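# Survey of secondary and tertiary structure
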Amino acid sequence: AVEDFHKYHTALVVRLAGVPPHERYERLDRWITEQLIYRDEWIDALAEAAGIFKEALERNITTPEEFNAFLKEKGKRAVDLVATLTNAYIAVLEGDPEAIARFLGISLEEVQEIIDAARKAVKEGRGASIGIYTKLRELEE
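As deposited, the entry is annotated with X-ray crystallography as its determination method and 2.00 Å as its resolution.

This is the structure we're talking about:
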């Protein structure tokens, strides 16, 4: 389930962001989750969240707010669990932007563009990864 988290998470985020499917997003997503670990609490959180995103993929959830409505149907536990992972993604970006740049083959300035899109997406309730993937799509093309 821990390994499956980035498969379900990326698949939903790509669907809700509307960007074309591409292997770069799953690759970055696995890199981010591994930065989180390098804690068993995050392992437990990713395993539990993996089923939440799996069920969202199996429902007619096509917008970020349809996902938020789904989380609130799931309960306050699901809402807060995703919010915690969202802010964890932000901390990982803001924590080692130099490694992210070398990993994606971009400059530090372009990593700051990803940080800005992610933080903006969080404040508008869309989660961090929608901003990351949309910005990454624009950077590569």
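The helix and strand tally for the chain stands at 8 helices and 0 strands. Listing the helices and strands of the chain from first to last along the sequence gives α-α-α-α-α-α-α-α. A compact globule built from 141 residues would reach a C-alpha radius of gyration of about 14 Å, and the chain, at 14 Å, matches this within 12%. When the backbone C-alpha atoms are referred to their principal axes, the chain occupies close to 40 × 30 × 25 Å. Expressed as a percentage of the 141 residues in the chain, the buried residues total 43%. Carbon and sulfur atoms make up 49% of the accessible area of the chain, which amounts to about 7500 Å² in all. Between the centroid of the 19 positive side chains of the chain and the centroid of its 27 negative side chains there is a distance of 3 Å.

Let us now look at the packing of aromatic side chains. One pass over the structure, following the stated rule, counts 5 aromatic pairs. Summarising the aromatic geometry, the rings of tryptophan 31 and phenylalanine 103 are spaced 5.4 Å apart at their centres and angled 25° between planes, so their arrangement reads as stacked. Taking the relative accessible area as the measure of exposure, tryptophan 31 reaches 12% and is therefore buried. On the basis of relative accessibility, which here comes to 23%, the residue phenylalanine 103 falls in the partly exposed class. Through a chain of ring-to-ring contacts, three or more aromatic side chains come together here, namely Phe5, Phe53, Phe67 and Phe70.

The next thing to look at is the environment of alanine 88. Mapped onto the fold, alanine 88 is located in helix α5 (residues 76–95). Residue contacts for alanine 88: discarding those within four places in its chain leaves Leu36 and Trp42.

So, about the side chain of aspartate 29. Here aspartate 29 shows up in helix α2 (residues 23–37). Buried and unpaired, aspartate 29 has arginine 30 as its nearest opposite-charge partner, separated by 9.0 Å. In this structure, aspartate 29 is in contact with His6, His9, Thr10, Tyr89 and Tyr133, ignoring residues within four places of it in sequence.

Below, the discussion takes up the packing of helix α4 (residues 64–74) against α5. Here α4 crosses α5 at 130°, and the two axes come no closer than 5 Å. Considered as vectors, α4 and α5 are oriented oblique to each other. Here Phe67, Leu71, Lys72 and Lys74 of α4 lie close against α5, whose contacting residues are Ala78, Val79 and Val82. Looking at the contact of α4 with α5 residue by residue, the class counts come to 5 nonpolar, no polar and 2 charged.

Turning next to the layout of surface pockets. In this model, the largest pocket occupies a volume close to 400 Å³. Contributing to the lining of the largest pocket are 24 residues, with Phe67, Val82, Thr86, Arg126 and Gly127 lying nearest its centre. If one sorts the elements of the lining of the largest pocket by residue count, α5 sits on top with 6 residues. Class assignment for the residues of the lining of the largest pocket results in 16 nonpolar, 6 polar and 2 charged.

Before going further, it helps to spend a moment on the side chain of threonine 33. Topologically, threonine 33 is positioned in helix α2. Judged by relative accessible area, which is 8%, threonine 33 ranks as buried. Once residues lying within four places of it in the same chain are set aside, the contact partners of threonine 33 are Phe5, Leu46 and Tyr89.

What counts and what doesn't
- Residues numbered from 1 in each chain as written, not as in the entry; some residues may be left out.
- Heavy atoms only, no water.
- Helix = DSSP H or I, 4+ residues; strand = E, 2+ residues; numbered from the N terminus.
- Rg over C-alpha atoms; globule rule 2.2 N^0.38 Å.
- Buried < 20%, exposed > 50% of the residue type's maximum accessible area, 1.4 Å probe, protein only.
- Areas by Shrake-Rupley, 256 points an atom, 1.4 Å probe, with all protein chains shown as cover.
- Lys, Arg positive; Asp, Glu negative; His and termini not counted.
- Charge placed at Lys NZ, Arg CZ, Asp CG, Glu CD.
- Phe/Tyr/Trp six-rings, centres within 6.5 Å; stacked < 30°, edge-to-face > 60°.
- Contact = heavy atoms within 4.5 Å.
- Salt bridge = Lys/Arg side-chain N within 4 Å of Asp/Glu carboxyl O.
- Axes fitted to C-alpha atoms, helices over the stretch in contact; angles between N-to-C directions.
- Parallel < 35°, antiparallel > 145°, perpendicular 65-115°, else oblique.
- Nonpolar A, V, L, I, M, F, W, Y, C, P; charged D, E, K, R; others polar.
- 1 Å grid on protein atoms, 1.4 Å probe; cavity = no way out; pocket = protein on both sides within 12 Å on 5 of 7 lines; lining within 4 Å.
- Points joined across faces, edges and corners; volume = space filled by probe spheres on them.

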